[PDB]
Number of protein chains: 2
Amino acid sequence: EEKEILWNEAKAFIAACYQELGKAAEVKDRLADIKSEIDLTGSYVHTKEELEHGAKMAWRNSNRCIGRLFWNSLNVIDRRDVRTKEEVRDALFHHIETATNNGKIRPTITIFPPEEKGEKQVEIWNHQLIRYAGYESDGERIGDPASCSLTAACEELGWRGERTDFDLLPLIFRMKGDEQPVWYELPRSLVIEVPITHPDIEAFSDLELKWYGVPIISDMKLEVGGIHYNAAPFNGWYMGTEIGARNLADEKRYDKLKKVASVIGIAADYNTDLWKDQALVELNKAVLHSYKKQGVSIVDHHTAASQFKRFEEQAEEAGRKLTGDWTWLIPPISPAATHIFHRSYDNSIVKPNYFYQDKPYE
Amino acid sequence: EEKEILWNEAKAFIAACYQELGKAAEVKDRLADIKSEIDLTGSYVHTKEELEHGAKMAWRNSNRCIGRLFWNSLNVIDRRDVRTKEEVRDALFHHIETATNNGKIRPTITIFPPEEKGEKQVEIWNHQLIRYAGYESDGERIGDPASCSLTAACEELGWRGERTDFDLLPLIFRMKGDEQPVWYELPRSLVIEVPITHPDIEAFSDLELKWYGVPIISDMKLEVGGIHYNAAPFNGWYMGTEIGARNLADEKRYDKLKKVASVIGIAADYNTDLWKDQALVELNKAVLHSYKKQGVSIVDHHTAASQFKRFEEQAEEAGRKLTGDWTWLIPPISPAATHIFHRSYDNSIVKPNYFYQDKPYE
Ligand code: HEM
Ligand code: HEM
Ligand SMILES: Cc1cc(N)nc(COC[C@H]2C[C@H](OCc3cc(C)cc(N)n3)CN2)c1
Ligand SMILES: Cc1cc(N)nc(COC[C@H]2C[C@H](OCc3cc(C)cc(N)n3)CN2)c1
Ligand SMILES: C[C@H](O)[C@H](O)[C@H]1CNc2nc(N)[nH]c(=O)c2N1
Ligand SMILES: C[C@H](O)[C@H](O)[C@H]1CNc2nc(N)[nH]c(=O)c2N1
Ligand SMILES: [Cl-]
Ligand SMILES: [Cl-]
């Protein structure tokens with residue numbers, strides 16, 4: 001069954017991929033080559049070109065992503081050659097540096113060797129390559145609660161955080177053949193952070209908020225033509241609301257709205273005053289202003305939705321069905337001010353695509 | 001087939017209804033009575049009690065409604081006795097007066113005779129009993145664009161609006177046996193309106209915005225045990241965002257955000273300034289403040305979502321499955337500040353319920 005699922009996915013992917021690359025004539029022999037290779041080895045190896053275009057198709061098919069307009073300019077780094085943990089570590093350091101690009105963020109994915117018998121070659125433990133630790137003992141919360149279980153897993157392995165609200169977690173990953181993962185402290189010189197200030201309200205700096213420049217998702221599996229690349233971290237630049245309306249605002253995250261309300265000089269006592277909505281807007285203005293001021297790439301939700309409209313139009317003119325998850329595409333502030341809110345989207349899953357996978361801790 | 005669909009829906013409704021009313025023992029004979037009545041007459045008549053509880057169940061099952069906590073206190077007016085257009089008109093006038101209740105709004109439904117062969121007895125043309133006219137000729141828009149087709153239909157029948165941005169449309173409905181509907185001007189003494197002012201910003205009154213107090217939906221069919229009440233207008237009180245984030249804000253409605261931005265003293269030039277979001281928040285604060293000041297019932301989206309949480313909890317403790325449409329339940333401003341955003345809902349349709357129907361114009 002496994003080999004048959006593989007062969008079928010291979011067939012579908014090579015046809016579509018080569019059609020898109022104007023290489024439709026080469027499909028026949030490539031398929032024959034693949035079929036033999038699966039018969040002999042139980043799997044098949046992608047060409048550099050197939051892998052790069054597959055990663056791009058995968059982004060293009062990501063129903064929950066509003067930023068898909070730029071799918072075709074994904075920078076794809078092929079690291080199927082890595083065999084040692086030092087090479088894995090160095091590749092992750094490199095991804096951070098080249099994606100950050102002194103603040104002019106390059107959307108990038110680094111692809112590591114794929115699973116074999118469902119057997120991972122490299123198993124990355126981080127949810128994002130750069131993320132803040134979280135702690136909770138005796139009712140006092142420190143840092144990012146979303147990171148508590150990973151943080152506890154790191155500390156069990158001998159890492160220790162300074163217990164600020166913004167401890168950078170170490171890179172942590174396991175190699176095939178090792179029972180324990182290894183971890184490495186992130187060099188601070190590699191990580192850009194932005195302090196949050198407000199364009200008009202001087203007191204906003206009193207909150208001492210900051211966030212990291214580059215979200216680099218490292219817990220999803222890239223699937224391309226039946227090959228499962230479980231370790232393939234990828235990044236874009238942030239949309240402001242991700243930081244302002246969620247990471248810093250959610251009660252189960254940094255929960256900053258009451259403190260924001262206070263520094264902007266409004267009461268946080270009456271639902272009818274819409275103080276949460278107002279705090280949310282000023283916090284989100286501050287996030288966008290701060291990233292721009294530091295020259296770190298970011299996009300606001302209005303501009304992002306306009307870009308996505310163009311993605312829709314581009315899909316139609318290429319004759320490709322559009323897929324999307326309306327529940328994720330609408331921004332969490334003023335959703336009805338975007339065109340997304342007022343239409344519907346087909347939530348069908350199309351491959352290549354990125355998929356969630358189980359984490360080893362948890 | 002029709003009689004069989006009817007009988008099946010009757011069976012399901014009477015069982016559930018009587019179970020809820022502690023009258024489970026009476027189900028057997030009531031059903032037998034109904035079965036005979038369908039055999040003879042092709043239909044059946046609800047008791048006062050069945051009709052009232054059915055209307056309430058229908059509200060309870062309305063997946064898109066965040067206000068369902070108060071389902072059991074719906075005020076049900078039984079007007080199955082009406083036969084003349086004067087009686088219809090007077091019943092609609094009465095609904096407006098009693099639902100308005102000098103601003104302390106009573107959630108109310110008036111139920112008119114139901115369809116027979118799919119043949120309506122009373123066909124109401126209004127989408128809401130109280131709504132503003134809309135005009136467009138030579139690129140200048142006046143009033144509410146959502147009302148353009150109905151407005152043109154009224155004027156074709158000899159009504160003429162003053163062409164302010166807030167002309168009250170007349171009541172317009174057709175009786176079985178008449179080819180043309182009739183219309184009646186709304187007595188202004190019956191219609192409460194609220195001028196929109198802002199709690200802090202004096203200049204807000206310069207926009208000369210207002211809205212009507214009571215939304216009374218009159219274009220949906222109430223279905224109860226296979227009986228189709230096509231004419232059964234119902235109302236609640238507004239949630240502020242309906243007025244502030246949609247009716248007054250949507251580009252295809254009153255489109256007021258640029259004017260709001262200007263009176264609140266912010267530029268409307270850069271997406272990154274989040275001027276639309278900020279204008280939306282101040283406009284929504286003004287709407288809530290204005291209704292409260294005038295003593296007209298209204299609810300903000302935070303309070304409304306808290307009430308809905310209780311509706312969920314009440315459903316679970318009664319052993320009733322909960323249904324909902326997440327896409328309508330989240331408010332259009334700060335949705336992620338409500339619990340609704342962070343859970344999912346089963347969108348199954350359960351009857352009794354309210355359903356959209358085709359309009360005669362359009
Ligand atoms: C270039 C800038 C980018 C922006 C502004 C952007 C924006 C977003 C946003 C706002 C979300 C919703 C996230 C959430 O609410 O947690 C999202 C989800 C997603 N994006 Fe993008 N994105 C970008 C680039 C990329 C790239 C390069 C990829 C992959 C190659 C990608 C794949 C995805 C995926 C898979 C999700 C869903 C994640 C999940 O299920 O948790 N995006 N994106
Ligand atoms: C008492 C105060 C009430 C509040 C605050 C309230 C709130 C709302 C809101 C915000 C919506 C979404 C509307 C939209 O976006 O256009 C809605 C939809 C709805 N409500 Fe309620 N509601 C209330 C009372 C009622 C009552 C009394 C009924 C019926 C007996 C009802 C039945 C519905 C229905 C059927 C919809 C869906 C309408 C559609 O599909 O267009 N509601 N409600
Ligand atoms: C590449 C990228 C760019 C950008 N601007 N933003 C993102 C946001 O992705 C962040 C990730 C973190 C949470 O993951 C939650 C999650 C959990 C589970 C179990 C499944 C799933 N699909 N997603 C939500 N999306 C990713
Ligand atoms: C009873 C009630 C109370 C309250 N606070 N708000 C409401 C809002 O209902 C207003 C109505 C007007 C639009 O109707 C649109 C519509 C169109 C169509 C074709 C189907 C459908 N279900 N709904 C959206 N909901 C109703
Ligand atoms: C159907 C389409 O997604 C459309 O934008 C919906 C979305 N959610 C909504 N939610 C509410 N409350 N009211 C609406 O009119 C809509 N419109
Ligand atoms: C799944 C559940 O509805 C949950 O609240 C979703 C809704 N929409 C979302 N949209 C985005 N962009 N990000 C999220 O994490 C979520 N969470
Ligand atoms: Cl994030
Ligand atoms: Cl309305």
# chains A, B, ... in the order shown; residues from 1 in each chain; ligands from 1

call {"tool": "select_by_dssp", "arguments": {"residues": "range 22-221 of chain A", "states": "helix (DSSP H, G or I)", "output": "NGL selection string"}}
result
:A and (24-41 or 48-60 or 68-73 or 85-103 or 145-156 or 188-190 or 202-207)

call {"tool": "residues_around", "arguments": {"residues": "residue 185 in chain B", "least_positions_apart": "6", "cutoff": "10 Å", "atoms": "only C-alpha atoms", "output": "mmCIF file with N, CA and C atoms, in the first residue's frame"}}
result
data_model
loop_
_atom_site.group_PDB
_atom_site.id
_atom_site.type_symbol
_atom_site.label_atom_id
_atom_site.label_comp_id
_atom_site.auth_asym_id
_atom_site.auth_seq_id
_atom_site.Cartn_x
_atom_site.Cartn_y
_atom_site.Cartn_z
ATOM 1 N N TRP B 159 -45.225 55.377 -4.299
ATOM 2 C CA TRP B 159 -44.512 55.999 -3.191
ATOM 3 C C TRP B 159 -43.435 56.934 -3.749
ATOM 4 N N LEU B 168 -37.467 56.905 5.689
ATOM 5 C CA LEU B 168 -38.064 55.652 6.149
ATOM 6 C C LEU B 168 -38.902 55.024 5.037
ATOM 7 N N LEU B 169 -38.621 53.770 4.683
ATOM 8 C CA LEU B 169 -39.392 53.112 3.627
ATOM 9 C C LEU B 169 -40.797 52.833 4.155
ATOM 10 N N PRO B 170 -41.797 52.774 3.257
ATOM 11 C CA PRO B 170 -43.131 52.435 3.777
ATOM 12 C C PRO B 170 -43.237 50.928 4.037
ATOM 13 N N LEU B 171 -44.197 50.521 4.856
ATOM 14 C CA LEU B 171 -44.549 49.109 4.947
ATOM 15 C C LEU B 171 -45.148 48.715 3.601
ATOM 16 N N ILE B 172 -44.709 47.585 3.062
ATOM 17 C CA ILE B 172 -45.228 47.139 1.785
ATOM 18 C C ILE B 172 -45.410 45.622 1.772
#

call {"tool": "interface_residues", "arguments": {"of": "chain B", "to": "chain A", "cutoff": "9 Å", "atoms": "only C-alpha atoms", "output": "PDB file with N, CA, C and O atoms, in the first residue's frame"}}
result
ATOM      1  N   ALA B 245     -19.914  48.855  12.580  1.00  0.00           N
ATOM      2  CA  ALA B 245     -18.816  48.231  11.842  1.00  0.00           C
ATOM      3  C   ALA B 245     -19.298  47.786  10.492  1.00  0.00           C
ATOM      4  O   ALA B 245     -18.516  47.331   9.677  1.00  0.00           O
ATOM      5  N   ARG B 246     -20.609  47.888  10.258  1.00  0.00           N
ATOM      6  CA  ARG B 246     -21.171  47.374   9.014  1.00  0.00           C
ATOM      7  C   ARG B 246     -22.115  48.356   8.334  1.00  0.00           C
ATOM      8  O   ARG B 246     -21.788  48.913   7.277  1.00  0.00           O
ATOM      9  N   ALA B 249     -20.358  51.578   8.130  1.00  0.00           N
ATOM     10  CA  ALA B 249     -18.959  51.481   7.660  1.00  0.00           C
ATOM     11  C   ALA B 249     -18.672  50.811   6.322  1.00  0.00           C
ATOM     12  O   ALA B 249     -17.666  51.165   5.674  1.00  0.00           O
ATOM     13  N   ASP B 250     -19.460  49.800   5.944  1.00  0.00           N
ATOM     14  CA  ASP B 250     -19.189  49.021   4.732  1.00  0.00           C
ATOM     15  C   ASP B 250     -19.154  49.968   3.547  1.00  0.00           C
ATOM     16  O   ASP B 250     -19.977  50.882   3.466  1.00  0.00           O
ATOM     17  N   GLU B 251     -18.213  49.754   2.631  1.00  0.00           N
ATOM     18  CA  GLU B 251     -18.136  50.579   1.416  1.00  0.00           C
ATOM     19  C   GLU B 251     -19.414  50.513   0.602  1.00  0.00           C
ATOM     20  O   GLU B 251     -19.782  51.484  -0.077  1.00  0.00           O
ATOM     21  N   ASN B 271      -2.049  52.763   5.016  1.00  0.00           N
ATOM     22  CA  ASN B 271      -2.591  51.532   5.599  1.00  0.00           C
ATOM     23  C   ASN B 271      -1.930  51.258   6.950  1.00  0.00           C
ATOM     24  O   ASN B 271      -2.606  50.865   7.885  1.00  0.00           O
ATOM     25  N   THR B 272      -0.616  51.495   7.034  1.00  0.00           N
ATOM     26  CA  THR B 272       0.156  51.215   8.251  1.00  0.00           C
ATOM     27  C   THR B 272      -0.246  52.076   9.474  1.00  0.00           C
ATOM     28  O   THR B 272       0.108  51.742  10.597  1.00  0.00           O
ATOM     29  N   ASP B 273      -0.969  53.177   9.258  1.00  0.00           N
ATOM     30  CA  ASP B 273      -1.453  54.002  10.374  1.00  0.00           C
ATOM     31  C   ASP B 273      -2.674  53.358  11.051  1.00  0.00           C
ATOM     32  O   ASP B 273      -3.121  53.811  12.126  1.00  0.00           O
ATOM     33  N   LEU B 274      -3.206  52.310  10.418  1.00  0.00           N
ATOM     34  CA  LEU B 274      -4.433  51.645  10.874  1.00  0.00           C
ATOM     35  C   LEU B 274      -5.549  52.656  11.144  1.00  0.00           C
ATOM     36  O   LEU B 274      -6.260  52.564  12.141  1.00  0.00           O
ATOM     37  N   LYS B 276      -8.304  53.016   9.415  1.00  0.00           N
ATOM     38  CA  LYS B 276      -9.631  52.404   9.326  1.00  0.00           C
ATOM     39  C   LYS B 276     -10.013  51.720  10.635  1.00  0.00           C
ATOM     40  O   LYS B 276     -11.166  51.779  11.087  1.00  0.00           O
ATOM     41  N   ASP B 277      -9.044  51.041  11.231  1.00  0.00           N
ATOM     42  CA  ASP B 277      -9.308  50.320  12.476  1.00  0.00           C
ATOM     43  C   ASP B 277      -9.646  51.283  13.588  1.00  0.00           C
ATOM     44  O   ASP B 277     -10.516  51.006  14.412  1.00  0.00           O
ATOM     45  N   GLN B 278      -8.945  52.415  13.608  1.00  0.00           N
ATOM     46  CA  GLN B 278      -9.116  53.421  14.655  1.00  0.00           C
ATOM     47  C   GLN B 278     -10.455  54.128  14.480  1.00  0.00           C
ATOM     48  O   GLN B 278     -11.211  54.324  15.441  1.00  0.00           O
ATOM     49  N   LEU B 280     -13.051  52.872  12.956  1.00  0.00           N
ATOM     50  CA  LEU B 280     -14.020  51.830  13.324  1.00  0.00           C
ATOM     51  C   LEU B 280     -14.238  51.768  14.833  1.00  0.00           C
ATOM     52  O   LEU B 280     -15.376  51.700  15.300  1.00  0.00           O
ATOM     53  N   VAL B 281     -13.158  51.804  15.604  1.00  0.00           N
ATOM     54  CA  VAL B 281     -13.312  51.784  17.056  1.00  0.00           C
ATOM     55  C   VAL B 281     -14.046  53.029  17.591  1.00  0.00           C
ATOM     56  O   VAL B 281     -14.985  52.908  18.384  1.00  0.00           O
ATOM     57  N   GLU B 282     -13.656  54.222  17.155  1.00  0.00           N
ATOM     58  CA  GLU B 282     -14.348  55.427  17.642  1.00  0.00           C
ATOM     59  C   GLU B 282     -15.793  55.478  17.197  1.00  0.00           C
ATOM     60  O   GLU B 282     -16.669  55.877  17.982  1.00  0.00           O
ATOM     61  N   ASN B 284     -17.707  52.915  16.638  1.00  0.00           N
ATOM     62  CA  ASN B 284     -18.402  51.933  17.465  1.00  0.00           C
ATOM     63  C   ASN B 284     -18.581  52.363  18.907  1.00  0.00           C
ATOM     64  O   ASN B 284     -19.592  52.024  19.525  1.00  0.00           O
ATOM     65  N   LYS B 285     -17.625  53.123  19.444  1.00  0.00           N
ATOM     66  CA  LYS B 285     -17.812  53.684  20.776  1.00  0.00           C
ATOM     67  C   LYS B 285     -18.967  54.684  20.749  1.00  0.00           C
ATOM     68  O   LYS B 285     -19.792  54.734  21.676  1.00  0.00           O
ATOM     69  N   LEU B 288     -22.495  52.975  20.695  1.00  0.00           N
ATOM     70  CA  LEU B 288     -22.908  52.442  21.988  1.00  0.00           C
ATOM     71  C   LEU B 288     -23.276  53.563  22.947  1.00  0.00           C
ATOM     72  O   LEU B 288     -24.289  53.497  23.660  1.00  0.00           O
ATOM     73  N   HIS B 289     -22.461  54.606  22.959  1.00  0.00           N
ATOM     74  CA  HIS B 289     -22.695  55.750  23.821  1.00  0.00           C
ATOM     75  C   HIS B 289     -24.028  56.416  23.484  1.00  0.00           C
ATOM     76  O   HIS B 289     -24.807  56.793  24.378  1.00  0.00           O
ATOM     77  N   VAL B 299     -26.392  46.203  22.878  1.00  0.00           N
ATOM     78  CA  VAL B 299     -25.405  45.408  23.597  1.00  0.00           C
ATOM     79  C   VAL B 299     -24.065  45.550  22.845  1.00  0.00           C
ATOM     80  O   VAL B 299     -24.035  45.608  21.611  1.00  0.00           O
ATOM     81  N   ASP B 300     -22.967  45.634  23.584  1.00  0.00           N
ATOM     82  CA  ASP B 300     -21.652  45.662  22.936  1.00  0.00           C
ATOM     83  C   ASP B 300     -21.204  44.217  22.653  1.00  0.00           C
ATOM     84  O   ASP B 300     -21.744  43.276  23.223  1.00  0.00           O
ATOM     85  N   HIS B 301     -20.214  44.018  21.779  1.00  0.00           N
ATOM     86  CA  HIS B 301     -19.893  42.655  21.354  1.00  0.00           C
ATOM     87  C   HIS B 301     -19.211  41.825  22.453  1.00  0.00           C
ATOM     88  O   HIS B 301     -19.285  40.595  22.450  1.00  0.00           O
ATOM     89  N   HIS B 302     -18.535  42.490  23.380  1.00  0.00           N
ATOM     90  CA  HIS B 302     -17.925  41.756  24.504  1.00  0.00           C
ATOM     91  C   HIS B 302     -18.970  41.165  25.431  1.00  0.00           C
ATOM     92  O   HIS B 302     -18.879  39.994  25.830  1.00  0.00           O
ATOM     93  N   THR B 303     -19.937  41.998  25.817  1.00  0.00           N
ATOM     94  CA  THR B 303     -21.013  41.566  26.693  1.00  0.00           C
ATOM     95  C   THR B 303     -21.824  40.498  25.976  1.00  0.00           C
ATOM     96  O   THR B 303     -22.120  39.455  26.537  1.00  0.00           O
ATOM     97  N   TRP B 326     -19.642  29.740  13.150  1.00  0.00           N
ATOM     98  CA  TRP B 326     -18.519  30.551  13.617  1.00  0.00           C
ATOM     99  C   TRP B 326     -18.332  31.821  12.775  1.00  0.00           C
ATOM    100  O   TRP B 326     -18.008  32.885  13.317  1.00  0.00           O
ATOM    101  N   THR B 327     -18.556  31.722  11.458  1.00  0.00           N
ATOM    102  CA  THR B 327     -18.274  32.855  10.560  1.00  0.00           C
ATOM    103  C   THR B 327     -19.197  34.046  10.810  1.00  0.00           C
ATOM    104  O   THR B 327     -18.843  35.193  10.492  1.00  0.00           O
ATOM    105  N   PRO B 332     -17.347  41.577  14.065  1.00  0.00           N
ATOM    106  CA  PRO B 332     -16.451  42.110  13.041  1.00  0.00           C
ATOM    107  C   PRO B 332     -15.429  43.107  13.594  1.00  0.00           C
ATOM    108  O   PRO B 332     -14.634  43.606  12.817  1.00  0.00           O
ATOM    109  N   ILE B 333     -15.427  43.403  14.886  1.00  0.00           N
ATOM    110  CA  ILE B 333     -14.250  44.083  15.410  1.00  0.00           C
ATOM    111  C   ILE B 333     -13.690  43.348  16.636  1.00  0.00           C
ATOM    112  O   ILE B 333     -14.436  42.788  17.440  1.00  0.00           O
ATOM    113  N   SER B 334     -12.366  43.324  16.737  1.00  0.00           N
ATOM    114  CA  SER B 334     -11.674  42.495  17.747  1.00  0.00           C
ATOM    115  C   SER B 334     -12.244  41.082  17.973  1.00  0.00           C
ATOM    116  O   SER B 334     -12.417  40.666  19.133  1.00  0.00           O
ATOM    117  N   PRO B 335     -12.498  40.315  16.893  1.00  0.00           N
ATOM    118  CA  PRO B 335     -13.059  38.972  17.125  1.00  0.00           C
ATOM    119  C   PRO B 335     -12.230  38.089  18.064  1.00  0.00           C
ATOM    120  O   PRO B 335     -12.795  37.311  18.840  1.00  0.00           O
ATOM    121  N   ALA B 336     -10.906  38.195  17.997  1.00  0.00           N
ATOM    122  CA  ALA B 336     -10.065  37.340  18.826  1.00  0.00           C
ATOM    123  C   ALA B 336     -10.062  37.758  20.299  1.00  0.00           C
ATOM    124  O   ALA B 336      -9.474  37.089  21.144  1.00  0.00           O
ATOM    125  N   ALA B 337     -10.703  38.867  20.623  1.00  0.00           N
ATOM    126  CA  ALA B 337     -10.894  39.205  22.033  1.00  0.00           C
ATOM    127  C   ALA B 337     -12.137  38.522  22.637  1.00  0.00           C
ATOM    128  O   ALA B 337     -12.443  38.736  23.810  1.00  0.00           O
ATOM    129  N   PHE B 341     -14.074  33.191  18.952  1.00  0.00           N
ATOM    130  CA  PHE B 341     -12.966  33.071  18.007  1.00  0.00           C
ATOM    131  C   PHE B 341     -12.136  31.837  18.271  1.00  0.00           C
ATOM    132  O   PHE B 341     -11.666  31.187  17.336  1.00  0.00           O
TER     133      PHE B 341
END

call {"tool": "residues_near_ligand", "arguments": {"ligand": "ligand 2", "cutoff": "8 Å", "atoms": "only C-alpha atoms and all ligand atoms", "output": "MDAnalysis selection string"}}
result
chainID B and resid 55:56 58:59 62:68 70:71 74 106:109 220 234:239 241:242 298:299 304 328:329 331 353:356

call {"tool": "write_last_selection", "arguments": {"atoms": "N, CA, C and O atoms", "output": "compact mmCIF listing (two decimals), in the first residue's frame"}}
result
# COMPACT_ATOMS: atom_id res chain seq x y z
N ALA B 55 -41.57 28.98 17.99
CA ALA B 55 -40.88 30.22 17.65
C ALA B 55 -39.63 30.38 18.51
O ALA B 55 -38.57 30.84 18.04
N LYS B 56 -39.76 30.01 19.78
CA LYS B 56 -38.63 30.08 20.69
C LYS B 56 -37.57 29.06 20.31
O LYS B 56 -36.38 29.38 20.33
N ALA B 58 -36.98 27.94 17.43
CA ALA B 58 -36.43 28.42 16.18
C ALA B 58 -35.31 29.43 16.43
O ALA B 58 -34.26 29.40 15.77
N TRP B 59 -35.53 30.32 17.39
CA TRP B 59 -34.51 31.30 17.75
C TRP B 59 -33.33 30.55 18.34
O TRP B 59 -32.16 30.81 17.99
N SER B 62 -30.97 29.13 15.79
CA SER B 62 -30.44 30.05 14.77
C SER B 62 -28.93 30.15 14.90
O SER B 62 -28.41 30.93 15.71
N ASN B 63 -28.25 29.35 14.09
CA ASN B 63 -26.79 29.20 14.16
C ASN B 63 -26.02 30.51 14.08
O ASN B 63 -24.93 30.65 14.65
N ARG B 64 -26.56 31.47 13.34
CA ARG B 64 -25.84 32.72 13.13
C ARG B 64 -26.05 33.77 14.22
O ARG B 64 -25.44 34.84 14.16
N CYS B 65 -26.89 33.47 15.21
CA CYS B 65 -27.27 34.48 16.21
C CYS B 65 -26.49 34.38 17.52
O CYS B 65 -26.58 33.37 18.23
N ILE B 66 -25.76 35.45 17.85
CA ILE B 66 -24.98 35.52 19.09
C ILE B 66 -25.88 35.81 20.30
O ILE B 66 -25.49 35.60 21.44
N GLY B 67 -27.10 36.31 20.05
CA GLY B 67 -27.95 36.73 21.16
C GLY B 67 -28.89 35.67 21.73
O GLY B 67 -29.87 36.00 22.42
N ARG B 68 -28.63 34.40 21.44
CA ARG B 68 -29.61 33.35 21.73
C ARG B 68 -29.88 33.03 23.21
O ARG B 68 -30.83 32.29 23.53
N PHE B 70 -31.31 34.52 25.40
CA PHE B 70 -32.64 34.97 25.85
C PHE B 70 -33.80 34.35 25.09
O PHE B 70 -34.96 34.79 25.24
N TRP B 71 -33.51 33.26 24.37
CA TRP B 71 -34.50 32.56 23.53
C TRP B 71 -35.85 32.30 24.23
O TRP B 71 -36.92 32.48 23.63
N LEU B 74 -38.67 35.19 24.46
CA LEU B 74 -39.29 35.73 23.24
C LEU B 74 -40.79 36.00 23.51
O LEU B 74 -41.48 35.13 24.03
N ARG B 106 -38.31 44.93 23.61
CA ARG B 106 -38.79 43.57 23.88
C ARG B 106 -38.59 42.73 22.63
O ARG B 106 -39.15 43.04 21.58
N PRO B 107 -37.76 41.67 22.72
CA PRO B 107 -37.66 40.69 21.63
C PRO B 107 -39.04 40.06 21.37
O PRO B 107 -39.64 39.48 22.28
N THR B 108 -39.53 40.21 20.13
CA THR B 108 -40.93 39.93 19.81
C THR B 108 -41.02 39.35 18.40
O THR B 108 -40.22 39.70 17.52
N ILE B 109 -41.98 38.46 18.20
CA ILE B 109 -42.31 38.01 16.86
C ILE B 109 -43.84 38.04 16.71
O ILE B 109 -44.56 37.68 17.64
N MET B 220 -37.86 36.58 6.54
CA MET B 220 -37.50 35.19 6.79
C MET B 220 -38.73 34.35 7.11
O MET B 220 -39.72 34.85 7.63
N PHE B 234 -39.66 39.37 13.23
CA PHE B 234 -39.14 39.25 14.59
C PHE B 234 -38.03 40.27 14.85
O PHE B 234 -37.37 40.71 13.90
N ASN B 235 -37.84 40.65 16.11
CA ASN B 235 -36.80 41.62 16.46
C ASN B 235 -36.08 41.27 17.74
O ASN B 235 -36.63 40.60 18.62
N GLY B 236 -34.86 41.79 17.86
CA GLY B 236 -34.16 41.89 19.13
C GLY B 236 -33.78 43.35 19.34
O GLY B 236 -34.50 44.25 18.86
N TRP B 237 -32.68 43.57 20.06
CA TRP B 237 -32.04 44.88 20.12
C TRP B 237 -30.76 44.69 19.35
O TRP B 237 -30.38 43.56 19.07
N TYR B 238 -30.10 45.78 18.96
CA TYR B 238 -28.89 45.68 18.15
C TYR B 238 -27.70 45.31 19.01
O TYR B 238 -27.63 45.70 20.19
N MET B 239 -26.73 44.62 18.39
CA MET B 239 -25.37 44.60 18.91
C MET B 239 -24.66 45.76 18.20
O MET B 239 -24.85 45.97 17.01
N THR B 241 -21.83 46.64 16.93
CA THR B 241 -21.04 46.43 15.72
C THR B 241 -21.90 46.33 14.46
O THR B 241 -21.44 46.61 13.35
N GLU B 242 -23.17 45.93 14.62
CA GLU B 242 -24.01 45.79 13.42
C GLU B 242 -24.18 47.15 12.78
O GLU B 242 -24.25 47.28 11.55
N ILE B 298 -29.22 48.23 23.69
CA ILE B 298 -28.19 47.87 22.73
C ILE B 298 -27.24 47.00 23.53
O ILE B 298 -27.28 47.06 24.76
N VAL B 299 -26.39 46.20 22.88
CA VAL B 299 -25.40 45.41 23.60
C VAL B 299 -24.07 45.55 22.84
O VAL B 299 -24.03 45.61 21.61
N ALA B 304 -22.15 40.75 24.71
CA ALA B 304 -22.89 39.77 23.92
C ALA B 304 -22.19 38.41 23.87
O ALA B 304 -22.83 37.37 23.96
N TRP B 328 -20.37 33.79 11.39
CA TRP B 328 -21.30 34.87 11.75
C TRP B 328 -21.26 35.26 13.22
O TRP B 328 -21.59 36.41 13.59
N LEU B 329 -20.89 34.31 14.07
CA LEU B 329 -20.86 34.52 15.52
C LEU B 329 -19.71 35.44 15.96
O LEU B 329 -19.88 36.27 16.86
N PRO B 331 -17.65 38.63 16.23
CA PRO B 331 -17.94 40.02 15.88
C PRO B 331 -16.94 40.58 14.87
O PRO B 331 -15.82 40.06 14.80
N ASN B 353 -36.69 26.52 12.88
CA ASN B 353 -35.64 27.48 12.55
C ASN B 353 -36.22 28.56 11.65
O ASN B 353 -37.37 28.44 11.19
N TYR B 354 -35.43 29.63 11.43
CA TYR B 354 -35.77 30.71 10.50
C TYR B 354 -34.95 30.56 9.22
O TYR B 354 -33.75 30.27 9.28
N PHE B 355 -35.60 30.75 8.07
CA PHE B 355 -34.95 30.51 6.79
C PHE B 355 -35.15 31.67 5.83
O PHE B 355 -36.21 32.29 5.83
N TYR B 356 -34.15 31.96 5.01
CA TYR B 356 -34.30 32.99 3.99
C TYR B 356 -35.31 32.52 2.94
O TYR B 356 -35.46 31.32 2.71

call {"tool": "closest_residue", "arguments": {"among": "A:149, A:8, A:124, A:243", "to": "ligand 6", "atoms": "only C-alpha atoms and all ligand atoms"}}
result
A:243

call {"tool": "residues_around", "arguments": {"residues": "residue 195 in chain A", "least_positions_apart": "2", "cutoff": "7 Å", "atoms": "only C-alpha atoms", "output": "PyMOL selection string"}}
result
chain A and resi 193+197+209-211+290

call {"tool": "residues_around", "arguments": {"residues": "range 18-21 of chain A", "least_positions_apart": "3", "cutoff": "12 Å", "atoms": "only C-alpha atoms", "output": "number ranges by chain"}}
result
A: 10-15, 24-31, 47, 49-54, 56-57, 72, 318-320
